[PDB]
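A lone chain, given as C-alpha cells: the form deposited in one PDB entry.
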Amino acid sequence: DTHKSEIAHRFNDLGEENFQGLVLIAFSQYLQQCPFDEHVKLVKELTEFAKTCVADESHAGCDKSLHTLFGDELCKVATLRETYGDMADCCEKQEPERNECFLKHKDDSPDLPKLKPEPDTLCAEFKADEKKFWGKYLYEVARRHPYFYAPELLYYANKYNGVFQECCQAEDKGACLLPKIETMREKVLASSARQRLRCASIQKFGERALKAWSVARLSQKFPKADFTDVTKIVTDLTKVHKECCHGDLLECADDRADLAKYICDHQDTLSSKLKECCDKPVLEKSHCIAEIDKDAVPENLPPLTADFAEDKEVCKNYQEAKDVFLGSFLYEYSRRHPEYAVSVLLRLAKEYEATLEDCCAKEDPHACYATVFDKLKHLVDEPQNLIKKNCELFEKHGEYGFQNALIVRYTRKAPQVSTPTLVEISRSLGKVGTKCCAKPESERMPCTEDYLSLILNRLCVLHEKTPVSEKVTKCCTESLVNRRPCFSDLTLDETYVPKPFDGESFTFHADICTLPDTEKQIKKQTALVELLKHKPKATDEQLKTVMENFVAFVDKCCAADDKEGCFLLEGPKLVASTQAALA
C-alpha cells in the first residue's frame, strides 16, 4: 500500500518511537562505520520533517520517495569518502541506483570489536539516558549485522532494556545480567543468520525460492489452514521479507504489523497456538507468531496419491498451473509431516517436479509416475542416515573432537578457503551436535537441516566475496535446497596443489599460554587447518598424531619456567617428528 506522501504514511502507521528506531537501523546498516551521534542527529532531523508532512502533505518534498529522503540525509556528511572509498561514489548518483549502490556496499564482515558486556558500565549508561541506551543497542547490532530483520531488532532492543530495568537494581549485577545477555545473544545471532539467508535466497535465487520455503514452513505451523489462506499469508510475508532485505524498513515493519493483525483475526482457522500471541503489543505479537510451534497434523486427511498420482489431470495441472500445482503439493506434504525438515520437503517437491517433467512426455505418463511417492522416500532416508552417523561421532567424541573431524572434512573439501573461515565455519557446524543430537525424532531432522543451512549460507556469503574454491562455488550456486547435500557429498579436492613445508611453517609461541581456553583451542584448530593445507593427503591417523603432538608441545612449553625458550628449542624437534610422521 503506497500513499502519495510515504513519510507521513509510515510515520502515521508506525508511531514516532518505532519510526525513529527503524530510521536509525537503516542508517546503521547502510553506513556501518559512522559514529552513533552522527546517525542520531540525522534521525531527529528526519522525524521533524516527518512531522511537517503529517501536518501538511502539500508542503515541499513530502511526496519524495523514502529512498530519496534517507539517502540525501546520509549524503549530508561532508567527508566519509575516507571511510567509504568504494562507496563514497554512492552519494554521486540518485534513485533507484543510489539505493542500489548503498545496498551493494553492506559489509558482512565489518572490522568491529567483539564487545564484552561490562555490567557496571552498561548499568550506568542505562540510568543516564535509557533512550540513548535503547538506540545504542540498535546501532551496535545493526552495524555488525547489516541484514538484521529490522522489526525484530526493535523487539530485541526492548527486551535488552528489560534485562537492565530488572538487573541494575540487584545487589549483584553481573550475576543477574550476564546469563540473560548470553542467552539473548544466541537468539539474536540465530535471527541474524535466518534473515541473512532469507535475503541471500531472494538475491541469488529469486523471491520464488523464499516463497517455496515459506509455503512449506507455514503449512507446518498452520496445517489446518486451507491452501488459499496459506498462499495469502506467504504472499504477504514474502513482500515483508523482500522489503526488509532491500532496506525498505518502514514499509517492512508496517506490512509485518498488518500481517500480524490479519493472522490474529483468523486465529480460529490457522492455529490454536496463536492465543498466546494475539493479545500482545505489536512487536511482541509479531515475534510470538513468527516463533509459533508446529501444530498437530489434522485428522483424517486423504492419501497424497489421490491428487498427485491417481488423478488423471496430474500432467494437466503440472502443465497449465505449474507453481500452483507444486505449491499445492508442498502444502499437502508439509501439513502431514512436521517431523520433516523444510529442506527435505522442498527436495521432495523438486524430485516430484523432475518426475513429472520426465513422465508427462511419455505415451503413458501415469505408468511412469505411478510409483513416485514410493520413490520419494529415499529423500527422507538419506538425511536420517547422515544424522545417525554424525551424532554417533559426536556422542563418542564431544563438541571439540567433532569440530576437529569437521575441520578435517571441510579443509579436504575446500582447501583454498581462508584458514580463519575454515575454522570459523567448522566450529559453527560442530555445534549442531550440542544443539540437535539429543533431540527426539519429531524434531531432530528440522533442527540439523535448519541449523546446517544457516552455517553453509554464511560460508556462501563469505565465498561470494572472494571466490577461491570451484567446489564451493558449485554447492553455493547449484540449487538452494540441495546446498546441504551438495556440501555433504563433496570429496577431497584433488585439483588443489599443496604448498610444501618450508620448515617451521607454523610456529607456536609463549603468548598462547595466557589465552582463555576457547582461544587456545582455536589456535590449535588453526594449526590443524594449516597442517592439512601442506599435506592435503594426510590420513586421519597422521592428523590425530600430529594434533596430539601439538597439544603435548603447548602443554609442556606453557609449563616451563622459561616458556619462549621451550618453544624455540623444542620447535625443531616437533617439526622433525612431524615430517617423519607425514611420510
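The first residue of the shown sequence is 1; numbering continues from there. Here the rigid core means the biggest group of C-alpha atoms that line up within 1.5 Å when the two forms are laid on top of each other.
The same protein also has a form deposited in another entry, omitted here; what follows describes it.
Asker: Pick from 85, 96, 113, 281: whose Cα moves by 2 Å or more between the shown form and the other one, rigid core superposed?
Answerer: So the residue whose C-alpha moves 2 Å or more is 85.
Asker: For residue 205, decide whether the Cα shift between the shown form and the other one is 2 Å or greater, given a superposition on the rigid core.
Answerer: For residue 205, whose C-alpha is compared between the shown form and the other one after core superposition, the shift is less than 2 Å.
Asker: C-alpha of residue 501: shift of 2 angstroms or more between the shown form and the other one, rigid core aligned?
Answerer: The answer is yes, as the C-alpha of residue 501 shifts between the shown form and the other one by 2 Å or more after core alignment.
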